[PDB]
Amino acid sequence: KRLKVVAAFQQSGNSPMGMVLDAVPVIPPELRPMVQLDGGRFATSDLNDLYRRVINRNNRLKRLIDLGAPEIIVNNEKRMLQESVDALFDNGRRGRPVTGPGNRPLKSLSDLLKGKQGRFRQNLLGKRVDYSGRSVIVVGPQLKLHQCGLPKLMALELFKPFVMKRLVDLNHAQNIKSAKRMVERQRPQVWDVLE
Amino acid sequence: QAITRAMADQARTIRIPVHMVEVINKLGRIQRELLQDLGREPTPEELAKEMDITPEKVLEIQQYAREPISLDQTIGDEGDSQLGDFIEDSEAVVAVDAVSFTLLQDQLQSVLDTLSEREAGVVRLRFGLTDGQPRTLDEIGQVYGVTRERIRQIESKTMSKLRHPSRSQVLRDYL
Amino acid sequence: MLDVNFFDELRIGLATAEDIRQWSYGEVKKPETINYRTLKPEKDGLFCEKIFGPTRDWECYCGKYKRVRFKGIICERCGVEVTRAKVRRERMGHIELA
Amino acid sequence: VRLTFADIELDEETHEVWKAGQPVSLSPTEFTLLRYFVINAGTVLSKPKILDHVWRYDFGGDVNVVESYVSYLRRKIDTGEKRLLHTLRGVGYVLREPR
Amino acid sequence: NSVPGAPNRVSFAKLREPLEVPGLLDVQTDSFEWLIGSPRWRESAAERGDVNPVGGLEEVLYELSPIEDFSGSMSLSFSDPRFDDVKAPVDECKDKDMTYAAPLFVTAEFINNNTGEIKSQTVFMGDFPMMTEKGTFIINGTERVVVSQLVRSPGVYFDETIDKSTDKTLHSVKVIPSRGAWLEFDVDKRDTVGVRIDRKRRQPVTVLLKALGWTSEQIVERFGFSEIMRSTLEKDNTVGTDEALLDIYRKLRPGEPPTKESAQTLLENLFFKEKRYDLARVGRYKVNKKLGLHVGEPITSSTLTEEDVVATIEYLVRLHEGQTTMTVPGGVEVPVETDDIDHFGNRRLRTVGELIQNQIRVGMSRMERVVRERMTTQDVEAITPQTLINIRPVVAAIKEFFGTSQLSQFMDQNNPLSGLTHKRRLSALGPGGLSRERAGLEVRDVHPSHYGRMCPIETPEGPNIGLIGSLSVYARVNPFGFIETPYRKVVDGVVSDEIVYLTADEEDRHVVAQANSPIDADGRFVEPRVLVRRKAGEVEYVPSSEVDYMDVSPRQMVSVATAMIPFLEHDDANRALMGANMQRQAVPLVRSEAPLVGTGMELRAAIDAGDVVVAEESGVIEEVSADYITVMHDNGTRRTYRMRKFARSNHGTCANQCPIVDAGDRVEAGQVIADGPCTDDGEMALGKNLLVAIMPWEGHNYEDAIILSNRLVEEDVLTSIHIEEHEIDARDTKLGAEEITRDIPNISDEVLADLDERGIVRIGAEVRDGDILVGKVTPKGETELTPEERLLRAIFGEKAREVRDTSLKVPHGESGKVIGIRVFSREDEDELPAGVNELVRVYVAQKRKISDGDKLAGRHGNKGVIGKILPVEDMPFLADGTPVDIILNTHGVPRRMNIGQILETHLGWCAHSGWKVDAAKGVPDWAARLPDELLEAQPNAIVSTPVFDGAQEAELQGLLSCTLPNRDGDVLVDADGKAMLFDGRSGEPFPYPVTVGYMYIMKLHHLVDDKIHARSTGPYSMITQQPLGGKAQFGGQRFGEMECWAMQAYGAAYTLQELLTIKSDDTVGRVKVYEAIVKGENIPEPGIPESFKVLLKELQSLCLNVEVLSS
Ligand SMILES: [Zn+2]
């Protein structure tokens, strides 16, 4: 059991130095955004809280070490720094998970890759797509095998740019900016050009 | 003192100076102590007297005291979705206005090519079309070997011939 | 590295401190994100405009440059490079632990 | 069609202003600043916005011009120390009747 | 009947109910009265336990008092909880969206023990929300209902387990007390005992028994017969009470050094003190009853007693030994048996009173902590009760309970039935309950103890199946939270009219009999052996002289919603469940015709729903009108009833209320006055009566589809008004303010013609999708003004238009007229939120006709969308020429075990036609048991049928035999039930007869208009550039990985690539493809998805060196 890892370390040119950590990277801000929800209320990705915690712990450790402190205080601060780091990487892996308001665990980096809510299974294997819709089905006994019904409004919204180019090509609306209101007002000349 | 300084400077997601959070805390204290003495939440006007400031500043304090919310909490009654799934990216490209703008600049260049090439260059350099730098009249003169007054006359010619309704109709619809 | 859909290998390994400080576009040293009044990022904060790049397109923090003519050239006053806002999605920072 | 606020009255036709009914003449750009203010009375104006709109985009000068101008408007119309044309530090200038 | 305004509903009931159903809202009204302490509850408690008549608020206040200080020279007490009048009436409060509440006042008592001081300050505690008459709380204007929940009742629970090694029946017990530490006693694989305390898998009984101050002498005195414990006592390895105490402290509270007193005080502080462990009063009673400790002592001292641990140990050991009766020294004998966990005798009902009291208690404790903290720091003798009391935590706790707690959700009102069943329903989720994933198959079942307590039909069919249920019609809540039902008692074959109420466990000792039994008008049953239900759920035959109890009536094991289904006993459990579910989802029509065939519960349900106004006091009617009714009482004074017209419901349904009285007809107290949304003549009416053909028709009704006649469209038979509310907020911003004006930049006229000069729509102007609704002008700010704009402004003279038109656009897929404007403003001096200056709520209504795709369903669970709306010519029609109304597929009837629907159809046709049984030459044999006044009936009469005591098959056959014609001589429906129909298309008669009749059909709230969605290019999320989800935004269908599996199976690689790259993720790909199908140019190659890059960045920032290698 020990060989199946030490041999892997030996064969590769990977130094185990990185297996312990000396500096921590910071994810780009857009992936941890703070979007101002309308009404003045803000909203953050809860990673910023963990980043603030680890930055605070690091800054306090710097102050204590360069000020001159009892070893108990410095060791305790190092312990909290370690705890903040593991909470950032893996919330709730050990000890009580660090919660915020409302008594709920905070999302860590590893929490973004687990289960059906993770990046993989939710946003990479499956995705929400454009040019689509959903409706109720009814029996189509007068149709053929290859045929299928489609609601008129549903088709109109689905084939938007197609009818724009077709109607402008047919000179329905001199310009596509006009074609916007041309189709959204659902004037009668859109139906035949849609068909 | 150390604990209070830390709480003021470091415990808030949005940083607030100590002078401001002191008055925020004083407002909270006076409001929550006046609730018992009045049995009714006071409209700012009245707390303005205690703070000796205008109620507008009290309202500004109140709307500044709110804290950001989290984007991960489940907003549904049952647990199936997150709040961030309902947030629209404002900076995202609508992909229709950009295409519209491409044909729009095509229409612009077609319309201006109707005008004289000298006038077309004048307006192009005037509003920064070829570049992002609109230029002063002296630059137009030195690139045309002409005085600034004649470029003023040229600009008069351009925006007069431009008002000619054939151009006006074909450019008006695109808005 | 430049992503033109010509890939033959996806290699993953341990990330030493040297690699992460090679990736980083600066060091974060302040737990501040957004000013409570101007609603703009601070200096050396979690949303550092200088480190992670400009927010507005072709704009510096101090407003010295606001036009597409400047490209790639870094402002000498605020230190913000002038480029697209997608670098805020791309660029990443790092923290030096004591 | 004339534009009014408090005691300031504007005529856009022949370019003259009324401040509670006594004559006044005023400089062109200062007139344009007052026009931009009254047309956005009830909205605060930010300095870069003003130099953008009323002032020509190629303005490469400093910023102190706008404060000199608004000082001219104050000394012309709001002679008192407290004014109807309020100032917000770093946010620009606006036309408010004081509460 | 027995109701003053009751329409005559002749019923096929065979036996008389000894009692009528109680007030169906009592499960909440009674609890709230008990919590308040109102005289209404006071008088009831005066005869049902007046030994300790105490209100819930009174109880918690007495529990907290007297709070003390550290030393004991200072003390404070609470007493006399009094309320005041409501701030505003219900309608006014709902209109201006505050919370319906009344002030709370409690007289504190500050006592200075050292010297003696009394300070009786009357302290304001807050605006306590109050329950309305309907039982619905109002918070911030909306209607909220707190649903009762089921939890494990605190107490002891002996369980038995198999070690699967030597077939040894192991035993265990779990003392599960609320707000306390768990204690587990059991027998492990060997013959020792496991006494694990706070999940520490060690410490046999020896250490605890010695830690209770006992020596081995008393242990061997008590236990000489238990070989299990004697051996454990021999291998104690620990001697001395101090040794046991320190061992327990070591294995329970490590890290701190032990002393001679640390463990001694810790043991008392853990289980014998009320500050860290206190099973509730119900828990104490449960322990007493189970162990037989106390039987005639007032309930007090909720903390655990020393006798309890010894009794539990003895009970567990004797159960392990295999005994049957255990007797504690000093208590009555009790049976020895393991305790089931799903039996209703062990599952409580935390109703609204208990939940509100618990949240009040946590707020009480928080403010008490604050009071204690201030009670020492502040100087003595300058102290008033106002100084200590901080009411913020209490109001915060109650407000946080009412909002954002799944135990208190929206009051769904799409019909009165939904409102009724939202209350009187039992949930299993929430704080202290179990989640769906936590729920095993044992919880979701139907325990035999549910009979009469909880209905086994009414249940959501989704993932919450078996967890959320509904209370029965006759059930009642006992004072301790146990669900209690009444039952008749029988002696020596004589049933008295004495009605006793029994809990779940009480039914074990007795024997309950059949609900419908052959009573001989003296109580004796013709045969001795009668189907009865025994203790353990076994149903066997028992001689008549042996049974001691018999059920109150049929439909006692049923719920109110599922008591409206006629011929319930003929329907399968699954289809009955489904039909009960769609009963709540019916929408209010514009006529709401009473069903031709129904059950007697409809009238009572309509009256008790609360949305049908009932004349509280009798008298003549002074004047009647659409908007108001004024009744002239018998004594001088009058009463006026303000009516509600087109009031928007919580689910976008109308709430019309039309009066049904005349100008001068005397009315009686308790009589219906005006019908509700789904009521007519004071009884339930959720649908309409329609002609039915059970034949298949050209496949347009294939696979549960339905085809309706366009007459229903023309005659407005099936049409429902839908009120929609749109909100706009005009807040404060560093742009200044948002004005509600008409100065919107760049607008035409034909769109602005129907909008008044005040910034809103004219009342009564039709709008559709995309139209401007409220003009909220906003200063645009400044950004990069395009150079092209600068050129453009000189060609038409357009001004800058410095304001962004942030107006109200009517969203897609809705239209209709405008009802009215409710405008709020700070200038109007209203309590708008901070920064918000104006609030405008516009109401839009449209008349939604029936159309294909709308879901229709009967009461037997037959669902389906509308296959086709075809004209009246194209339908089968009888020899009378009456076109059929609805058509159902025959294949769905036998394959779904819902045979009751055709029975209802036959009965409906009989009621529609009428009958005159020819009892001239003696009464017919089938009609002999059939009651009087039923042999004669008028056309379009109304009949009733109780769910289990209803019309039999022979009675239906007899009714079908006599089917007197309408106007001519024509018996269209023959004796067997079928009828002759001619095709409306070809015109030839169908070769075989088809059954016809009238069935009740209701529209469901699953209209196709609210479920149609399409999206070309909408918004995208922040983190990933994928589109959003849901009809509220532009949406965009989700393409899950299972669909990707089918994509791969076909091998259509390019289609999957486009779907995952350019229709979802790649921004540059998105704009490029849009440009492609506007320029008519070929669609370019997909790029690199952005979500993959974002994943790469998370991996890179997670300290994982990840690099993509070109070669
Ligand atoms: Zn700069």
# chains A, B, ... in the order shown; residues from 1 in each chain; ligands from 1

call {"tool": "interface_residues", "arguments": {"of": "chain B", "to": "chain E", "cutoff": "6 Å", "atoms": "only C-alpha atoms", "output": "ChimeraX atom specification"}}
result
/B:87-89,95,163,168

call {"tool": "write_last_selection", "arguments": {"atoms": "C-alpha atoms", "output": "short mmCIF file (atom, residue, chain, number, x, y, z; two decimals), in the first residue's frame"}}
result
data_model
loop_
_atom_site.label_atom_id
_atom_site.label_comp_id
_atom_site.auth_asym_id
_atom_site.auth_seq_id
_atom_site.Cartn_x
_atom_site.Cartn_y
_atom_site.Cartn_z
CA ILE B 87 -28.80 36.10 -12.11
CA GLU B 88 -28.36 37.59 -15.58
CA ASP B 89 -24.90 38.63 -16.73
CA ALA B 95 -25.64 39.00 -29.71
CA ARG B 163 -30.34 66.24 -43.42
CA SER B 168 -32.76 60.86 -43.02
#

call {"tool": "closest_atom_pairs", "arguments": {"of": "chain B", "to": "chain A", "cutoff": "10 Å", "atoms": "only C-alpha atoms", "output": "CSV"}}
result
residue,atom,partner,partner_atom,distance
B:10,CA,A:56,CA,7.9
B:11,CA,A:52,CA,9.3
B:12,CA,A:52,CA,9.7
B:13,CA,A:49,CA,7.3
B:14,CA,A:42,CA,9.9
B:63,CA,A:40,CA,8.0
B:64,CA,A:40,CA,9.1
B:66,CA,A:41,CA,7.5
B:67,CA,A:42,CA,7.3
B:68,CA,A:42,CA,4.4
B:69,CA,A:43,CA,4.5
B:70,CA,A:44,CA,5.0
B:71,CA,A:45,CA,4.9
B:72,CA,A:45,CA,6.4
B:73,CA,A:104,CA,8.1
B:80,CA,A:117,CA,9.2
B:81,CA,A:117,CA,8.9
B:82,CA,A:117,CA,9.7
B:83,CA,A:43,CA,9.1
B:84,CA,A:45,CA,8.2
B:87,CA,A:37,CA,8.0
B:88,CA,A:35,CA,9.3
B:89,CA,A:35,CA,8.6
B:90,CA,A:35,CA,9.2
B:96,CA,A:177,CA,9.2
B:97,CA,A:177,CA,8.8
B:99,CA,A:176,CA,9.2
B:100,CA,A:177,CA,6.6
B:101,CA,A:177,CA,9.4
B:103,CA,A:176,CA,8.5
B:104,CA,A:177,CA,9.1
B:107,CA,A:175,CA,9.9
B:170,CA,A:174,CA,8.7
B:171,CA,A:175,CA,9.9
B:173,CA,A:178,CA,6.7
B:174,CA,A:177,CA,5.6
B:175,CA,A:177,CA,6.7

call {"tool": "write_last_selection", "arguments": {"atoms": "N, CA, C and O atoms", "output": "short mmCIF file (atom, residue, chain, number, x, y, z; two decimals), in the first residue's frame"}}
result
data_model
loop_
_atom_site.label_atom_id
_atom_site.label_comp_id
_atom_site.auth_asym_id
_atom_site.auth_seq_id
_atom_site.Cartn_x
_atom_site.Cartn_y
_atom_site.Cartn_z
N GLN B 10 -12.68 44.96 9.93
CA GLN B 10 -12.33 43.67 9.37
C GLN B 10 -13.47 42.67 9.32
O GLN B 10 -13.38 41.69 8.57
N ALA B 11 -14.54 42.87 10.08
CA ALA B 11 -15.64 41.91 10.15
C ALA B 11 -16.72 42.15 9.10
O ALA B 11 -17.69 41.39 9.06
N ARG B 12 -16.58 43.17 8.27
CA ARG B 12 -17.57 43.50 7.26
C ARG B 12 -17.07 43.08 5.88
O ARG B 12 -15.91 43.32 5.53
N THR B 13 -17.95 42.45 5.10
CA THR B 13 -17.59 42.09 3.73
C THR B 13 -17.31 43.33 2.90
O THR B 13 -16.35 43.36 2.11
N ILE B 14 -18.12 44.36 3.06
CA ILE B 14 -17.88 45.66 2.45
C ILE B 14 -17.24 46.55 3.51
O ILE B 14 -17.85 46.82 4.55
N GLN B 63 -29.48 52.57 4.42
CA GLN B 63 -29.25 51.83 3.19
C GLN B 63 -27.79 51.43 3.00
O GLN B 63 -27.50 50.54 2.20
N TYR B 64 -26.86 52.08 3.71
CA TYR B 64 -25.48 51.62 3.72
C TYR B 64 -25.24 50.48 4.70
O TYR B 64 -24.30 49.71 4.51
N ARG B 66 -26.86 47.78 5.19
CA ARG B 66 -27.19 46.45 4.70
C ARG B 66 -25.93 45.75 4.18
O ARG B 66 -25.01 46.38 3.66
N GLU B 67 -25.92 44.43 4.32
CA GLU B 67 -24.78 43.60 3.98
C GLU B 67 -25.08 42.74 2.76
O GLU B 67 -26.24 42.45 2.46
N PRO B 68 -24.05 42.32 2.02
CA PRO B 68 -24.28 41.48 0.85
C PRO B 68 -24.82 40.11 1.23
O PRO B 68 -24.63 39.62 2.35
N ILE B 69 -25.51 39.50 0.28
CA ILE B 69 -26.09 38.18 0.45
C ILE B 69 -25.21 37.17 -0.28
O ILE B 69 -24.30 37.52 -1.04
N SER B 70 -25.46 35.89 -0.04
CA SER B 70 -24.69 34.82 -0.64
C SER B 70 -25.36 34.31 -1.91
O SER B 70 -26.59 34.30 -2.01
N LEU B 71 -24.55 33.89 -2.87
CA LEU B 71 -25.05 33.39 -4.15
C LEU B 71 -25.23 31.88 -4.16
O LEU B 71 -25.58 31.33 -5.21
N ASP B 72 -24.97 31.20 -3.05
CA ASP B 72 -25.07 29.75 -3.01
C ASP B 72 -26.30 29.23 -2.28
O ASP B 72 -26.65 28.06 -2.45
N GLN B 73 -26.95 30.06 -1.47
CA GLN B 73 -28.08 29.59 -0.68
C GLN B 73 -29.22 29.16 -1.59
O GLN B 73 -29.49 29.77 -2.63
N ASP B 80 -33.29 22.33 -4.55
CA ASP B 80 -32.97 21.91 -5.91
C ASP B 80 -32.18 22.93 -6.72
O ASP B 80 -31.60 22.54 -7.74
N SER B 81 -32.12 24.19 -6.32
CA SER B 81 -31.50 25.22 -7.14
C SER B 81 -30.85 26.27 -6.24
O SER B 81 -31.13 26.35 -5.04
N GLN B 82 -29.97 27.07 -6.85
CA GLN B 82 -29.24 28.12 -6.16
C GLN B 82 -29.66 29.49 -6.68
O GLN B 82 -30.21 29.62 -7.78
N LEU B 83 -29.39 30.51 -5.88
CA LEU B 83 -29.79 31.86 -6.25
C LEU B 83 -29.05 32.32 -7.50
O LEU B 83 -29.63 32.96 -8.38
N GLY B 84 -27.76 31.97 -7.62
CA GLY B 84 -26.96 32.40 -8.75
C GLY B 84 -27.48 31.91 -10.09
O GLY B 84 -27.10 32.48 -11.13
N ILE B 87 -29.45 34.81 -11.92
CA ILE B 87 -28.80 36.10 -12.11
C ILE B 87 -28.34 36.22 -13.56
O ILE B 87 -27.63 35.35 -14.07
N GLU B 88 -28.74 37.31 -14.20
CA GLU B 88 -28.36 37.59 -15.58
C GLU B 88 -27.05 38.35 -15.63
O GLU B 88 -26.82 39.26 -14.84
N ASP B 89 -26.18 37.95 -16.55
CA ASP B 89 -24.90 38.63 -16.73
C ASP B 89 -25.12 39.88 -17.57
O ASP B 89 -25.35 39.80 -18.78
N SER B 90 -25.06 41.05 -16.93
CA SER B 90 -25.30 42.30 -17.64
C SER B 90 -24.25 42.53 -18.72
O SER B 90 -24.57 42.96 -19.83
N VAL B 96 -27.57 40.31 -30.47
CA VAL B 96 -28.43 40.92 -31.47
C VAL B 96 -28.05 42.38 -31.71
O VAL B 96 -27.98 42.82 -32.86
N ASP B 97 -27.79 43.12 -30.64
CA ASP B 97 -27.36 44.50 -30.77
C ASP B 97 -26.01 44.59 -31.46
O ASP B 97 -25.74 45.55 -32.18
N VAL B 99 -24.79 42.45 -33.82
CA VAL B 99 -25.04 42.24 -35.24
C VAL B 99 -25.71 43.47 -35.83
O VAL B 99 -25.34 43.95 -36.91
N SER B 100 -26.72 43.99 -35.13
CA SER B 100 -27.40 45.20 -35.57
C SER B 100 -26.40 46.33 -35.76
O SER B 100 -26.47 47.06 -36.75
N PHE B 101 -25.45 46.46 -34.85
CA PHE B 101 -24.44 47.51 -34.96
C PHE B 101 -23.52 47.27 -36.15
O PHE B 101 -23.05 48.22 -36.77
N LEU B 103 -24.34 45.76 -39.11
CA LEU B 103 -25.06 46.32 -40.25
C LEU B 103 -25.25 47.82 -40.12
O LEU B 103 -25.40 48.50 -41.14
N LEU B 104 -25.21 48.35 -38.90
CA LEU B 104 -25.47 49.77 -38.73
C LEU B 104 -24.29 50.57 -39.25
O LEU B 104 -24.47 51.56 -39.97
N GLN B 107 -24.35 50.48 -42.95
CA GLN B 107 -25.24 51.52 -43.47
C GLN B 107 -24.59 52.89 -43.38
O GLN B 107 -24.73 53.71 -44.29
N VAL B 170 -33.50 56.62 -44.40
CA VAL B 170 -32.78 55.36 -44.40
C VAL B 170 -31.91 55.20 -43.16
O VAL B 170 -31.50 54.08 -42.84
N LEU B 171 -31.60 56.29 -42.46
CA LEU B 171 -30.87 56.15 -41.20
C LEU B 171 -31.77 56.25 -39.97
O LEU B 171 -31.35 55.83 -38.89
N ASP B 173 -34.77 54.76 -39.41
CA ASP B 173 -35.43 53.51 -39.06
C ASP B 173 -34.55 52.62 -38.19
O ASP B 173 -35.07 51.73 -37.52
N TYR B 174 -33.24 52.86 -38.17
CA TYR B 174 -32.33 51.91 -37.54
C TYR B 174 -32.12 52.25 -36.07
O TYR B 174 -31.00 52.30 -35.57
N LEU B 175 -33.23 52.47 -35.37
CA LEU B 175 -33.18 52.84 -33.96
C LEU B 175 -34.48 52.45 -33.27
O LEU B 175 -35.42 51.97 -33.91
#

call {"tool": "residues_around", "arguments": {"residues": "residue 88 (chain C)", "least_positions_apart": "5", "cutoff": "10 Å", "atoms": "only C-alpha atoms", "output": "ChimeraX atom specification"}}
result
/A:27-31 /C:47-49,51-55

call {"tool": "residues_near_ligand", "arguments": {"ligand": "ligand 1", "cutoff": "10 Å", "atoms": "only C-alpha atoms and all ligand atoms", "output": "ChimeraX atom specification"}}
result
/C:50,54,59-66,74-82

call {"tool": "interface_residues", "arguments": {"of": "chain B", "to": "chain D", "cutoff": "8 Å", "atoms": "only C-alpha atoms", "output": "list in words"}}
result
residues 134, 135 and 136 of chain B

call {"tool": "write_last_selection", "arguments": {"atoms": "N, CA and C atoms", "output": "PDB file, in the first residue's frame"}}
result
ATOM      1  N   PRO B 134     -11.492  61.323 -32.039  1.00  0.00           N
ATOM      2  CA  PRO B 134     -11.983  62.508 -32.748  1.00  0.00           C
ATOM      3  C   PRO B 134     -10.910  63.586 -32.735  1.00  0.00           C
ATOM      4  N   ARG B 135     -10.817  64.330 -33.830  1.00  0.00           N
ATOM      5  CA  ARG B 135      -9.711  65.251 -34.032  1.00  0.00           C
ATOM      6  C   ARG B 135     -10.208  66.688 -34.087  1.00  0.00           C
ATOM      7  N   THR B 136      -9.328  67.604 -33.695  1.00  0.00           N
ATOM      8  CA  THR B 136      -9.630  69.023 -33.757  1.00  0.00           C
ATOM      9  C   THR B 136      -9.514  69.530 -35.192  1.00  0.00           C
TER      10      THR B 136
END

call {"tool": "interface_residues", "arguments": {"of": "chain E", "to": "chain C", "cutoff": "7 Å", "atoms": "only C-alpha atoms", "output": "list in words"}}
result
residues 1088, 1103, 1104, 1105, 1106, 1107, 1108, 1109, 1110 and 1111 of chain E

call {"tool": "write_last_selection", "arguments": {"atoms": "C-alpha atoms", "output": "JSON list (two decimals), in the first residue's frame"}}
result
[["chain", "number", "residue", "atom", "x", "y", "z"],
["E", 1088, "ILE", "CA", -13.72, 26.10, -27.36],
["E", 1103, "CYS", "CA", -3.51, 24.01, -6.22],
["E", 1104, "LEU", "CA", -3.69, 21.43, -9.04],
["E", 1105, "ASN", "CA", -1.18, 22.01, -11.83],
["E", 1106, "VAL", "CA", -3.28, 21.33, -14.93],
["E", 1107, "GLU", "CA", -1.92, 21.99, -18.41],
["E", 1108, "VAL", "CA", -3.21, 21.08, -21.87],
["E", 1109, "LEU", "CA", -0.46, 19.79, -24.13],
["E", 1110, "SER", "CA", -0.51, 20.46, -27.86],
["E", 1111, "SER", "CA", 1.90, 17.62, -28.69]]

call {"tool": "closest_residue", "arguments": {"among": "B:116, B:147, B:130, B:4", "to": "chain C", "atoms": "only C-alpha atoms"}}
result
B:130

call {"tool": "residues_around", "arguments": {"residues": "residue 44 (chain C)", "least_positions_apart": "2", "cutoff": "6 Å", "atoms": "only C-alpha atoms", "output": "short mmCIF file (atom, residue, chain, number, x, y, z; two decimals) with C-alpha atoms, in the first residue's frame"}}
result
data_model
loop_
_atom_site.label_atom_id
_atom_site.label_comp_id
_atom_site.auth_asym_id
_atom_site.auth_seq_id
_atom_site.Cartn_x
_atom_site.Cartn_y
_atom_site.Cartn_z
CA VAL C 28 -3.18 39.97 -2.66
CA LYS C 29 -2.49 41.69 0.66
CA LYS C 30 -5.78 43.32 1.73
CA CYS C 48 -7.60 44.32 -7.38
#

call {"tool": "atom_distance", "arguments": {"atom1": "CA of residue 91 (chain E)", "atom2": "CA of residue 617 (chain E)"}}
result
21.2 Å

call {"tool": "atom_distance", "arguments": {"atom1": "CA of residue 15 (chain E)", "atom2": "CA of residue 487 (chain E)"}}
result
15.6 Å

call {"tool": "residues_around", "arguments": {"residues": "residue 157 (chain E)", "least_positions_apart": "2", "cutoff": "8 Å", "atoms": "only C-alpha atoms", "output": "list in words"}}
result
residues 155, 159, 173, 174, 175, 176, 338, 339, 340 and 341 of chain E

call {"tool": "closest_residue", "arguments": {"among": "E:836, E:356, E:886, E:893", "to": "chain A", "atoms": "only C-alpha atoms"}}
result
E:836

call {"tool": "closest_residue", "arguments": {"among": "E:73, E:306, E:335, E:166", "to": "residue 375 (chain E)", "atoms": "only C-alpha atoms"}}
result
E:73

call {"tool": "decode", "arguments": {"residues": "region 42-65 of chain C", "atoms": "C-alpha atoms", "output": "JSON list (two decimals), in the first residue's frame"}}
result
[["chain", "number", "residue", "atom", "x", "y", "z"],
["C", 42, "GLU", "CA", -9.61, 48.77, -3.99],
["C", 43, "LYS", "CA", -5.83, 48.54, -4.31],
["C", 44, "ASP", "CA", -4.23, 45.16, -3.54],
["C", 45, "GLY", "CA", -7.66, 43.81, -2.61],
["C", 46, "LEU", "CA", -9.50, 40.64, -3.52],
["C", 47, "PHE", "CA", -10.79, 42.37, -6.68],
["C", 48, "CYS", "CA", -7.60, 44.32, -7.38],
["C", 49, "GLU", "CA", -7.98, 46.16, -10.67],
["C", 50, "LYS", "CA", -4.20, 46.34, -11.01],
["C", 51, "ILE", "CA", -3.70, 42.61, -10.44],
["C", 52, "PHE", "CA", -6.66, 40.95, -12.15],
["C", 53, "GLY", "CA", -6.99, 43.50, -14.95],
["C", 54, "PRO", "CA", -9.38, 46.25, -16.00],
["C", 55, "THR", "CA", -13.10, 46.07, -15.33],
["C", 56, "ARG", "CA", -14.25, 48.50, -18.01],
["C", 57, "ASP", "CA", -12.89, 47.93, -21.50],
["C", 58, "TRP", "CA", -9.73, 49.94, -22.24],
["C", 59, "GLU", "CA", -9.96, 51.87, -18.97],
["C", 60, "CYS", "CA", -7.52, 52.36, -16.11],
["C", 61, "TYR", "CA", -8.43, 52.73, -12.44],
["C", 62, "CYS", "CA", -7.56, 56.45, -12.45],
["C", 63, "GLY", "CA", -9.23, 57.14, -15.79],
["C", 64, "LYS", "CA", -5.96, 58.18, -17.41],
["C", 65, "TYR", "CA", -6.70, 56.10, -20.52]]
